[PDB]
Every structure is written in C-alpha cells, then in structure tokens.
2 protein chains.
Amino acid sequence: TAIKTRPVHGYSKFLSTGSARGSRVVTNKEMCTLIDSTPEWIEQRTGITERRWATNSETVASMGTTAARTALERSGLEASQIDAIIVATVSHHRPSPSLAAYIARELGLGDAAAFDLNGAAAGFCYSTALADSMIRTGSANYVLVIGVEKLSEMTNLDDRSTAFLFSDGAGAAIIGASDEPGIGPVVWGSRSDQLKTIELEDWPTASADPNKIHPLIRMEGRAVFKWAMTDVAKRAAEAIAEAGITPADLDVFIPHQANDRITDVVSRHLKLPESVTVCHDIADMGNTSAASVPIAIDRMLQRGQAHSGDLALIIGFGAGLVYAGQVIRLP
Amino acid sequence: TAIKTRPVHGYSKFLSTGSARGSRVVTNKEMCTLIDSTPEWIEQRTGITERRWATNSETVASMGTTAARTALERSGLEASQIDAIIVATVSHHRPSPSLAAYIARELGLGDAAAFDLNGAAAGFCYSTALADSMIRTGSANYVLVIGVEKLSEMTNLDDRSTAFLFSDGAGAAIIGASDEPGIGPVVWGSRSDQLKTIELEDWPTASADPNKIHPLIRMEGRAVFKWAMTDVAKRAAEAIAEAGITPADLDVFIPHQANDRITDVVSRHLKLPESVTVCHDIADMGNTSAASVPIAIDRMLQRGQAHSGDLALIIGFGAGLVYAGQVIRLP
Ligand SMILES: [K+]
Ligand SMILES: [K+]
Ligand SMILES: [K+]
Ligand SMILES: [K+]
Ligand SMILES: [K+]
Ligand SMILES: [K+]
C-alpha cells in the first residue's frame, strides 16, 4: 500500500516585518553604575553605546505579540489566515505550553501549527528555513516567525565581561508562498564539541539558590570571536554561494549583532564591496540573541538602510555551538 | 537579481527506532501511598497500572542519548552521517544551549543542524513532519528525532487528579531520504483559545518558592477528554485521508498514550477494523508526553505487536492545545 504526499511546489517569501524592543533605554553611563566598567571600554570592545531592556510589564509574550501584530497589520492578511507560528527563544521560562501557543491565543489565531524552537542566537534563521520548507511542502501557507528574548533577567551584573552585552525585544516576520525564490537555502549546523563556550545555568540550580531567581549567562567571549571569525565566516560565504549569487550581489548583510568586531571581520572575509550595507545596529541595541536579526531587518527597513526587494544575507550563531544563515529578499 | 534553491528529490522514511525509559517502576500500589486514591480507580479512569520514573542519575540528556544510540546502531549509519538532530521536550530545564546540543556532543555528531522543539505531547509528530520536510527540500539527509521527558519532577503529588498520570523516558528515530514515501502529510494545528486546559507553572514562580524546586503540572483532564474525543479524532481521520488511504489500510494505530478511553473513542470514531492493532501501552507506560509515540513504536516493534513495513497512524496532542499526526511506514 502506497502513501501519498503533498507535492513540493513553489517557494516562499517574507511578506512583512515588525519589532517591539524593550522600552527602557540603558546607556553605558547608567550601565557603569550597575557594573564595574567604563562607557568607553564598552564602546571600544563592542560598539555598544546603549541597549534596550524590557520593563516588568514587557514579557516575552507581550513583546512577541506586539511585534507580530505589527507584522500582521503590514501584511494585509487576516489573523485567521495564519496557519503556523514559530517562536525562537531561550527566554520562555515556562515548560509548557509553548510561547507560540500563548502568542497564538493573544492574536486569536485559529487552527495554526504552533511550536517553540531553541536554536540559541541562531533561532530566527533556523525558524525561517523551517517556515520555507513547511510552505513549500504544503503543510502551511502563512507562517508567523518570531524571535524574542528577555536576556536582562539572565544577565550577570557581577560579570563585567558580559553584563554590558545583552538586551530584550522581539522581532517578527510573516512568510508566505511565492512564485519565485524569496528565501535561499539554509546553511546550518553545530559544533557541539565546543558546547562549553556558552552555557547558561540550569533552572534547578537557580531555583535552589535563595539569593537569585533566574539562571545566569556565561560566555567565553574570546572563544566566541575566534569561532565567529574562523568558521562562521565560512558558513556565511557558503550561504551566499548556495543562493546562487556573489557577495557583490547582496544589498545588505545582517548578522546576529554579537560584537562590532565580529561583524567587521566577517564582512572582510566575505570581501563585501562598498555597495553592501552592513548592519551595525548593536550600537543602540546590544545583543538580543534570537531576536537580533528580525529586529535589525525591521529597523533597517524602517530607517531606509534597506529597501523592499533587496537581497540580504541573514545569519545567526550562538550557544551549542549552533549556526544558521540564508539569503532572503526583503519585503 | 534572482536567488536559487536546492534541487528537490524524493521523500523520506523511518530507518530505525530506539527507546530508554526511566528505571524506577512505580506501581499503582506505590502511587496510592503517595496520593489519596486506589489502584482500581486509577486503572478504571486511565488504563494505567504502572509507570516508569527516572532515577536521579537518569537525566533527559542521558535517556535521550541512550535511545539515540540504540536507533543509531540499528540504522547502520555512522554518527558522522547524521546532519540534523531534533529534540522534542518540555523537560530541558536549562535555557541554553539546547538539549539537542548536549546529546549531539554525547554522540559525537559533527556538523549537524541542532534544535529543541516545544510541541508539548505533540512534539514528536511535529518533529517528524519537519524532518520529512527538511529532507525533501535538501537541508538535511539523515535526521535524528528524539522525544524525551522527565515529567515526574513536575508532577504534583498533592494533586490526586493528575499525580498518577506522568512518566519519564526517551524515544528516538532516525529518518532518511527515500525514493518512495515513508511519511505521509502532516495534519497539525492548535486550539490556543483552550490554552488554560493544561498549564505548567512558570520557572520564576518555582524558583522564588522556598519549598519547591520544579514547576508543577496542572491539567483539566475532562476538558482534555472532550477535546480529544471530538476534535483530535477528526484530525486523526484527516491524516489518514491525506495519506490517500482508508482506516482499513492501516496496520497499526499509535496515538500519544494519554488515556485508554481517549485511545478507544478515537479508534471507534475512525471505525478501525479488527485487523488494525491499537497501542494501549499506557497500561505500563503512563503519560510520557513527547516521548510517548516513539517509545510505543519501539516497544511494539520489539514485542512483535507491530512489524517492519506496517502502515501506522501516529498522532500527538497536548498542551496549547496543539496536535500533529501523520501516517508512517514502520522501519
Ligand atoms: K520553555
Ligand atoms: K531561587
Ligand atoms: K567571560
Ligand atoms: K529549555
Ligand atoms: K525554589
Ligand atoms: K485537575
């Protein structure tokens, strides 16, 4: 007895974006009263001058819902037409149900496939690749993809090497079917023999500690930069090639905003010409993990650094170690 | 300027399975020293006579790895050929890196795409559909899918309406490219307006509580039953239809093992003939959430209740509410 399948038919494309950063502006000046560091060391080492933190009223569910509502309104779709929602996060601290289910309820989605994905800072790029595959194999038609984090809660203010890095926010995109390729092939993988490079504390350990609520982020920044400069840069070049273009065909490069030095060294490895606009939004954003790429897409489009129809290389890389990147056409 | 996508070819199929449950046998007799119930009542309500809990040395990482090692050995692949690992769980209580990354490191995987998926008890069927889509669109070739849970840590022994339900274990499967379809179209979705039916506590709440380590499961079982009988049964019928077969063409029916009465009403709604073997392994399994379906597949194959080449409808359903099911050919 044979099993019938749906065809692989057509492609997919971004239809719209939206973002909702944390509302609290934390300058390096204010940061240096919370940690022992200086504002010009921070800016020198990372390019960060300020970052956004969520207030106590901005949860990953409310930020994710806000970003998604903006994407929905801009897409011209009705909420009833969304039939998949994917949320990339490490900040949904409830085991079950998923943050996708909570956001689906706020939006009043109907019969939508709904799941959370944990791909660390690569999660939005992981989720984009999946959305494209789902649409092309007919298991979804309009996919809401959200990267959302609230890293301030897990930031170690006694760790001067990392306290100044992390920020809070959501970015969202709606992906739909397309006659022409709008999402190029994903180049993704992992380096799990390097797992100890970025590790968060486990919740049972935090829970037993009477002096803390949340687990803390730990990061070996020098190992991270070496990996980003060496191996991630090569995966980015592969993602461009798999899309059937050269670096000079790109209009914009939007890496995960981990460090200005990382962004710069990958740009040079790719030998990007002056015509390629490179995202340096880390300046007022810091590191928002899986929310980094979709926030930056939205904001670059908003300020005219990027335009509809531009080709953008997006790539995320983070704890695991994991990575994922692809070329997309901006909506 | 255009971009391209990877050449599409073929389908996918299960190559092997493996499973590893917790070693601690908790009979209904022992359960009724912990809660105010009787073994007769538990069995009449659910069909459970015993369940497995993990010992303190059995973690989701160690059980997940053991199940995966068994599946890997049975498949005839080298570990180095796995290029995606998907872990479906609500029991990985570390924000980052993912459980997929920890297990990838234990197995010595190389450059494999690696992510955790939260689809509640539907998680294995969600991950199966994604693996199939990934393979068919060329982003992976051999996908390791693991459903693993340690729900005993989140079981409320003061809640006699749920404490007898939950269990611990891992089930694993390796999925690979195929010339003919081994996995039918997914039928999946959610009913997020019913979210309040199953909610686990937030980790920050558990962390703040001086007398608690883990958050606890809360469940409205009778709302779950009404939903499973009336709505999930219809989705099960659709997944059979989508595969181009009738219920009589099935060899096996393997729903998520949540309640024997749920299994039976869905069987009768589908009008399964006598030749269809129905999984009722809840009898000594209990409810192992996303691990339920891959453990049942593996154990049914082991005891000769199911056979290589059988057509099986697998369906998962859980908190969200979410569901996912498909017809597969057993390895
Ligand atoms: K979670
Ligand atoms: K605590
Ligand atoms: K450090
Ligand atoms: K987790
Ligand atoms: K606690
Ligand atoms: K109850």
# chains A, B, ... in the order shown; residues from 1 in each chain; ligands from 1
call {"tool": "residues_near_ligand", "arguments": {"ligand": "ligand 4", "cutoff": "12 Å", "atoms": "only C-alpha atoms and all ligand atoms", "output": "MDAnalysis selection string"}}
result
(chainID A and resid 88:96 98:99 116:120 199:204 215) or (chainID B and resid 60 87:102 115:118 149 203)
call {"tool": "residues_near_ligand", "arguments": {"ligand": "ligand 6", "cutoff": "8 Å", "atoms": "only C-alpha atoms and all ligand atoms", "output": "ChimeraX atom specification"}}
result
/B:159,161-162,218-221
call {"tool": "residues_around", "arguments": {"residues": "residue 228 in chain B", "least_positions_apart": "2", "cutoff": "9 Å", "atoms": "only C-alpha atoms", "output": "ChimeraX atom specification"}}
result
/B:223-226,230-233,262,265-266,317
call {"tool": "write_last_selection", "arguments": {"atoms": "N, CA and C atoms", "output": "PDB file, in the first residue's frame"}}
result
ATOM      1  N   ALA B 223     -11.862  18.384  30.301  1.00  0.00           N
ATOM      2  CA  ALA B 223     -11.777  19.217  29.105  1.00  0.00           C
ATOM      3  C   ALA B 223     -10.828  18.611  28.074  1.00  0.00           C
ATOM      4  N   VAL B 224      -9.718  18.012  28.526  1.00  0.00           N
ATOM      5  CA  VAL B 224      -8.815  17.335  27.594  1.00  0.00           C
ATOM      6  C   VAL B 224      -9.551  16.213  26.876  1.00  0.00           C
ATOM      7  N   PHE B 225     -10.305  15.397  27.632  1.00  0.00           N
ATOM      8  CA  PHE B 225     -11.017  14.278  27.021  1.00  0.00           C
ATOM      9  C   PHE B 225     -12.028  14.768  25.996  1.00  0.00           C
ATOM     10  N   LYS B 226     -12.867  15.736  26.377  1.00  0.00           N
ATOM     11  CA  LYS B 226     -13.876  16.222  25.443  1.00  0.00           C
ATOM     12  C   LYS B 226     -13.230  16.719  24.155  1.00  0.00           C
ATOM     13  N   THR B 230     -13.691  14.761  20.472  1.00  0.00           N
ATOM     14  CA  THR B 230     -14.476  15.421  19.434  1.00  0.00           C
ATOM     15  C   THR B 230     -13.625  16.074  18.348  1.00  0.00           C
ATOM     16  N   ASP B 231     -12.504  16.708  18.698  1.00  0.00           N
ATOM     17  CA  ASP B 231     -11.713  17.423  17.699  1.00  0.00           C
ATOM     18  C   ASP B 231     -10.496  16.637  17.217  1.00  0.00           C
ATOM     19  N   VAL B 232      -9.687  16.097  18.132  1.00  0.00           N
ATOM     20  CA  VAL B 232      -8.484  15.373  17.717  1.00  0.00           C
ATOM     21  C   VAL B 232      -8.843  14.127  16.917  1.00  0.00           C
ATOM     22  N   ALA B 233      -9.966  13.486  17.244  1.00  0.00           N
ATOM     23  CA  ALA B 233     -10.410  12.333  16.465  1.00  0.00           C
ATOM     24  C   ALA B 233     -10.634  12.709  15.002  1.00  0.00           C
ATOM     25  N   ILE B 262      -9.484   7.783  25.753  1.00  0.00           N
ATOM     26  CA  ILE B 262      -9.221   8.622  24.587  1.00  0.00           C
ATOM     27  C   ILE B 262      -8.829   7.757  23.399  1.00  0.00           C
ATOM     28  N   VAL B 265     -12.058   5.934  22.049  1.00  0.00           N
ATOM     29  CA  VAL B 265     -13.055   6.724  21.331  1.00  0.00           C
ATOM     30  C   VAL B 265     -12.512   7.169  19.981  1.00  0.00           C
ATOM     31  N   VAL B 266     -11.212   7.468  19.897  1.00  0.00           N
ATOM     32  CA  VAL B 266     -10.653   7.849  18.606  1.00  0.00           C
ATOM     33  C   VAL B 266     -10.644   6.649  17.667  1.00  0.00           C
ATOM     34  N   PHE B 317      -0.992  15.014  20.769  1.00  0.00           N
ATOM     35  CA  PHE B 317      -1.897  16.096  21.126  1.00  0.00           C
ATOM     36  C   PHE B 317      -1.582  16.449  22.569  1.00  0.00           C
TER      37      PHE B 317
END
call {"tool": "residues_near_ligand", "arguments": {"ligand": "ligand 2", "cutoff": "9 Å", "atoms": "only C-alpha atoms and all ligand atoms", "output": "PyMOL selection string"}}
result
(chain A and resi 203-214) or (chain B and resi 204+206-210+213)
call {"tool": "atom_distance", "arguments": {"atom1": "CA of residue 330 in chain A", "atom2": "CA of residue 313 in chain A"}}
result
10.1 Å
call {"tool": "residues_around", "arguments": {"residues": "range 276-292 of chain A", "least_positions_apart": "4", "cutoff": "8 Å", "atoms": "only C-alpha atoms", "output": "ChimeraX atom specification"}}
result
/A:47-52,88-89,119-124,146-151,165-171,248,250-260,263,267,272,296,300,305-306,316,318
call {"tool": "write_last_selection", "arguments": {"atoms": "N, CA and C atoms", "output": "tab-separated table (two decimals), in the first residue's frame"}}
result
chain	number	residue	atom	x	y	z
A	47	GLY	N	31.26	48.28	20.31
A	47	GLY	CA	30.43	49.19	19.54
A	47	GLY	C	29.11	49.55	20.20
A	48	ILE	N	28.80	48.98	21.36
A	48	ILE	CA	27.57	49.29	22.08
A	48	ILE	C	27.73	50.63	22.80
A	49	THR	N	26.77	51.54	22.59
A	49	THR	CA	26.67	52.74	23.41
A	49	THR	C	25.46	52.73	24.33
A	50	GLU	N	24.39	52.02	23.95
A	50	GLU	CA	23.23	51.82	24.82
A	50	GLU	C	22.55	50.52	24.40
A	51	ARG	N	21.61	50.07	25.23
A	51	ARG	CA	20.82	48.89	24.88
A	51	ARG	C	19.43	49.04	25.48
A	52	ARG	N	18.50	48.21	25.00
A	52	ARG	CA	17.12	48.22	25.48
A	52	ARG	C	16.90	47.08	26.45
A	88	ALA	N	11.18	31.51	18.21
A	88	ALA	CA	12.56	31.19	18.54
A	88	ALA	C	12.94	31.97	19.79
A	89	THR	N	13.22	31.26	20.88
A	89	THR	CA	13.51	31.93	22.13
A	89	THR	C	14.26	30.98	23.05
A	119	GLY	N	17.16	27.43	19.14
A	119	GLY	CA	18.36	27.46	18.33
A	119	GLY	C	19.33	28.53	18.78
A	120	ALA	N	19.28	28.91	20.06
A	120	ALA	CA	20.10	29.99	20.62
A	120	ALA	C	20.01	31.24	19.75
A	121	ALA	N	21.10	32.00	19.62
A	121	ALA	CA	21.02	33.20	18.78
A	121	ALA	C	20.78	32.88	17.30
A	122	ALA	N	20.87	31.61	16.90
A	122	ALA	CA	20.59	31.24	15.52
A	122	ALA	C	19.11	30.93	15.28
A	123	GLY	N	18.26	31.10	16.30
A	123	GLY	CA	16.92	30.54	16.25
A	123	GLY	C	16.04	31.13	15.16
A	124	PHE	N	16.16	32.44	14.91
A	124	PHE	CA	15.32	33.02	13.86
A	124	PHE	C	15.70	32.47	12.49
A	146	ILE	N	8.73	34.45	14.90
A	146	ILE	CA	9.06	35.44	15.91
A	146	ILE	C	10.35	35.03	16.61
A	147	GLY	N	11.32	35.95	16.67
A	147	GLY	CA	12.45	35.82	17.59
A	147	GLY	C	12.26	36.81	18.74
A	148	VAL	N	12.31	36.30	19.97
A	148	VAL	CA	12.02	37.13	21.14
A	148	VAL	C	12.87	36.65	22.31
A	149	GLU	N	13.46	37.60	23.03
A	149	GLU	CA	14.31	37.30	24.17
A	149	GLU	C	14.12	38.37	25.24
A	150	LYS	N	14.34	37.97	26.49
A	150	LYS	CA	14.44	38.91	27.61
A	150	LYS	C	15.69	38.53	28.40
A	151	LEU	N	16.84	38.86	27.83
A	151	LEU	CA	18.10	38.41	28.41
A	151	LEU	C	18.52	39.19	29.64
A	165	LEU	N	26.38	43.36	27.56
A	165	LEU	CA	26.12	42.88	26.20
A	165	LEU	C	24.64	42.77	25.85
A	166	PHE	N	23.81	42.32	26.78
A	166	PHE	CA	22.54	41.71	26.41
A	166	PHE	C	21.37	42.67	26.56
A	167	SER	N	20.32	42.39	25.79
A	167	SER	CA	19.17	43.27	25.66
A	167	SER	C	17.93	42.41	25.40
A	168	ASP	N	16.79	43.09	25.27
A	168	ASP	CA	15.47	42.47	25.29
A	168	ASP	C	14.64	43.01	24.13
A	169	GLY	N	13.90	42.13	23.47
A	169	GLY	CA	12.99	42.58	22.43
A	169	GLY	C	12.49	41.41	21.62
A	170	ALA	N	11.53	41.71	20.73
A	170	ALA	CA	11.00	40.74	19.77
A	170	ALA	C	11.09	41.30	18.36
A	171	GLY	N	11.39	40.44	17.40
A	171	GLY	CA	11.18	40.77	16.00
A	171	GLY	C	10.37	39.67	15.34
A	248	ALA	N	28.92	40.69	-3.93
A	248	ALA	CA	28.58	41.98	-4.50
A	248	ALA	C	27.13	42.07	-4.96
A	250	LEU	N	24.69	41.09	-3.04
A	250	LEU	CA	23.95	41.43	-1.83
A	250	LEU	C	23.69	42.93	-1.78
A	251	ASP	N	22.53	43.30	-1.25
A	251	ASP	CA	22.31	44.69	-0.89
A	251	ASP	C	22.59	44.97	0.58
A	252	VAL	N	22.46	43.96	1.44
A	252	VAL	CA	22.63	44.19	2.87
A	252	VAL	C	23.14	42.91	3.51
A	253	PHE	N	23.92	43.08	4.57
A	253	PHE	CA	24.44	41.98	5.38
A	253	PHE	C	23.92	42.19	6.80
A	254	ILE	N	23.17	41.23	7.31
A	254	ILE	CA	22.57	41.38	8.64
A	254	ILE	C	22.96	40.17	9.49
A	255	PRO	N	24.15	40.16	10.06
A	255	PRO	CA	24.50	39.12	11.03
A	255	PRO	C	23.82	39.39	12.36
A	256	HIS	N	23.68	38.32	13.14
A	256	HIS	CA	23.42	38.45	14.56
A	256	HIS	C	24.37	39.48	15.14
A	257	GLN	N	23.82	40.41	15.92
A	257	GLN	CA	24.58	41.55	16.45
A	257	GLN	C	25.20	41.12	17.78
A	258	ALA	N	26.31	40.41	17.70
A	258	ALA	CA	27.03	39.98	18.89
A	258	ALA	C	28.15	40.93	19.26
A	259	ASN	N	28.85	41.45	18.26
A	259	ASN	CA	30.02	42.29	18.50
A	259	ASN	C	30.39	42.99	17.21
A	260	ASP	N	30.65	44.30	17.26
A	260	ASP	CA	31.06	45.02	16.06
A	260	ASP	C	32.30	44.41	15.42
A	263	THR	N	31.13	41.41	13.38
A	263	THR	CA	30.51	41.88	12.16
A	263	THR	C	31.55	42.35	11.15
A	267	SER	N	32.47	40.61	7.50
A	267	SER	CA	32.36	41.44	6.29
A	267	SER	C	33.62	41.38	5.45
A	272	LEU	N	33.10	42.14	1.12
A	272	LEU	CA	31.91	42.86	0.69
A	272	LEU	C	32.32	44.20	0.10
A	296	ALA	N	16.65	43.81	13.57
A	296	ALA	CA	17.51	44.60	12.69
A	296	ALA	C	16.92	44.70	11.28
A	300	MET	N	16.22	48.39	9.93
A	300	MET	CA	16.94	48.83	8.74
A	300	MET	C	15.97	49.21	7.63
A	305	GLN	N	17.86	52.09	5.53
A	305	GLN	CA	19.15	51.46	5.24
A	305	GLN	C	18.98	50.26	4.33
A	306	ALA	N	17.79	49.64	4.35
A	306	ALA	CA	17.43	48.55	3.45
A	306	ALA	C	16.10	48.88	2.81
A	316	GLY	N	22.71	33.78	11.98
A	316	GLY	CA	22.77	33.75	13.42
A	316	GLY	C	23.71	32.66	13.88
A	318	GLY	N	25.28	31.01	17.84
A	318	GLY	CA	25.23	31.13	19.28
A	318	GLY	C	25.49	29.82	19.97
call {"tool": "closest_residue", "arguments": {"among": "A:328, A:144, A:295, A:67", "to": "chain B", "atoms": "only C-alpha atoms"}}
result
A:328
call {"tool": "closest_residue", "arguments": {"among": "A:69, A:234, A:74, A:4", "to": "chain B", "atoms": "only C-alpha atoms"}}
result
A:4
call {"tool": "atom_distance", "arguments": {"atom1": "CA of residue 311 in chain A", "atom2": "CA of residue 329 in chain A"}}
result
4.7 Å
call {"tool": "residues_around", "arguments": {"residues": "residue 137 in chain B", "least_positions_apart": "3", "cutoff": "7 Å", "atoms": "only C-alpha atoms", "output": "JSON, numbers by chain"}}
result
{"A": [133], "B": [6, 8, 133, 134]}
call {"tool": "residues_around", "arguments": {"residues": "residue 23 in chain B", "least_positions_apart": "3", "cutoff": "8 Å", "atoms": "only C-alpha atoms", "output": "ChimeraX atom specification"}}
result
/B:52-55
call {"tool": "write_last_selection", "arguments": {"atoms": "C-alpha atoms", "output": "compact mmCIF listing (two decimals), in the first residue's frame"}}
result
# COMPACT_ATOMS: atom_id res chain seq x y z
CA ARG B 52 8.38 4.44 34.87
CA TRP B 53 10.15 7.28 36.66
CA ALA B 54 13.78 8.19 36.13
CA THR B 55 16.34 7.82 38.89
call {"tool": "closest_residue", "arguments": {"among": "A:194, A:56, A:38, A:44", "to": "chain B", "atoms": "only C-alpha atoms"}}
result
A:194
call {"tool": "residues_around", "arguments": {"residues": "residue 192 in chain B", "least_positions_apart": "6", "cutoff": "6 Å", "atoms": "only C-alpha atoms", "output": "MDAnalysis selection string"}}
result
(chainID A and resid 101 105) or (chainID B and resid 320:321)
call {"tool": "select_by_dssp", "arguments": {"residues": "range 116-191 of chain A", "states": "strand (DSSP E or B)", "output": "list in words"}}
result
residues 116, 117, 118, 142, 143, 144, 145, 146, 147, 148, 149, 150, 166, 168, 169, 170, 171, 172, 173, 174, 175, 176, 177, 178, 183, 187, 188, 189 and 190 of chain A
call {"tool": "closest_residue", "arguments": {"among": "A:246, A:190, A:155, A:141", "to": "ligand 3", "atoms": "only C-alpha atoms and all ligand atoms"}}
result
A:155
call {"tool": "select_by_dssp", "arguments": {"residues": "range 27-195 of chain B", "states": "alpha helix (DSSP H)", "output": "ChimeraX atom specification"}}
result
/B:28-34,39-46,60-75,99-107,123-136
call {"tool": "write_last_selection", "arguments": {"atoms": "C-alpha atoms", "output": "mmCIF file, in the first residue's frame"}}
result
data_model
loop_
_atom_site.group_PDB
_atom_site.id
_atom_site.type_symbol
_atom_site.label_atom_id
_atom_site.label_comp_id
_atom_site.auth_asym_id
_atom_site.auth_seq_id
_atom_site.Cartn_x
_atom_site.Cartn_y
_atom_site.Cartn_z
ATOM 1 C CA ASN B 28 -0.352 1.941 41.277
ATOM 2 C CA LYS B 29 0.037 0.340 44.710
ATOM 3 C CA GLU B 30 3.043 2.539 45.457
ATOM 4 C CA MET B 31 1.271 5.544 43.896
ATOM 5 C CA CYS B 32 -1.599 5.062 46.340
ATOM 6 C CA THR B 33 0.752 5.508 49.274
ATOM 7 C CA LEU B 34 1.617 8.937 47.815
ATOM 8 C CA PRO B 39 -5.289 1.204 42.112
ATOM 9 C CA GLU B 40 -8.736 0.192 40.876
ATOM 10 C CA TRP B 41 -9.800 3.807 40.433
ATOM 11 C CA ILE B 42 -6.589 4.772 38.596
ATOM 12 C CA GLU B 43 -6.908 1.795 36.256
ATOM 13 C CA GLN B 44 -10.596 2.357 35.524
ATOM 14 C CA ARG B 45 -10.047 6.054 34.772
ATOM 15 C CA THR B 46 -6.941 5.740 32.561
ATOM 16 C CA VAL B 60 16.802 13.779 29.866
ATOM 17 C CA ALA B 61 20.274 14.044 28.328
ATOM 18 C CA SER B 62 21.301 10.512 29.372
ATOM 19 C CA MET B 63 17.967 8.866 28.441
ATOM 20 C CA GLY B 64 17.857 10.803 25.180
ATOM 21 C CA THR B 65 21.416 9.721 24.359
ATOM 22 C CA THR B 66 20.723 6.041 25.182
ATOM 23 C CA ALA B 67 17.608 5.885 22.971
ATOM 24 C CA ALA B 68 19.503 7.679 20.217
ATOM 25 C CA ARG B 69 22.494 5.316 20.421
ATOM 26 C CA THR B 70 20.137 2.349 20.014
ATOM 27 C CA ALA B 71 18.454 3.939 16.988
ATOM 28 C CA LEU B 72 21.864 4.789 15.519
ATOM 29 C CA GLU B 73 23.157 1.226 15.887
ATOM 30 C CA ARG B 74 20.014 -0.265 14.347
ATOM 31 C CA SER B 75 20.198 2.078 11.342
ATOM 32 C CA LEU B 99 19.184 19.532 24.740
ATOM 33 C CA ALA B 100 19.861 18.696 21.081
ATOM 34 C CA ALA B 101 23.304 20.249 21.527
ATOM 35 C CA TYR B 102 24.073 18.262 24.718
ATOM 36 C CA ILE B 103 23.012 14.997 23.063
ATOM 37 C CA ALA B 104 24.901 15.839 19.861
ATOM 38 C CA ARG B 105 28.011 16.233 21.995
ATOM 39 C CA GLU B 106 27.438 12.884 23.728
ATOM 40 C CA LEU B 107 27.011 11.128 20.379
ATOM 41 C CA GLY B 123 6.248 17.264 19.805
ATOM 42 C CA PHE B 124 7.449 14.018 18.210
ATOM 43 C CA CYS B 125 4.871 14.216 15.419
ATOM 44 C CA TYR B 126 5.742 17.907 14.885
ATOM 45 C CA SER B 127 9.421 16.944 14.652
ATOM 46 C CA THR B 128 8.699 14.011 12.330
ATOM 47 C CA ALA B 129 6.890 16.310 9.872
ATOM 48 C CA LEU B 130 9.757 18.827 9.973
ATOM 49 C CA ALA B 131 12.372 16.108 9.437
ATOM 50 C CA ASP B 132 10.446 14.931 6.360
ATOM 51 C CA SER B 133 10.199 18.491 5.026
ATOM 52 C CA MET B 134 13.881 19.181 5.719
ATOM 53 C CA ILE B 135 14.987 16.030 3.905
ATOM 54 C CA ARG B 136 12.732 16.613 0.891
#
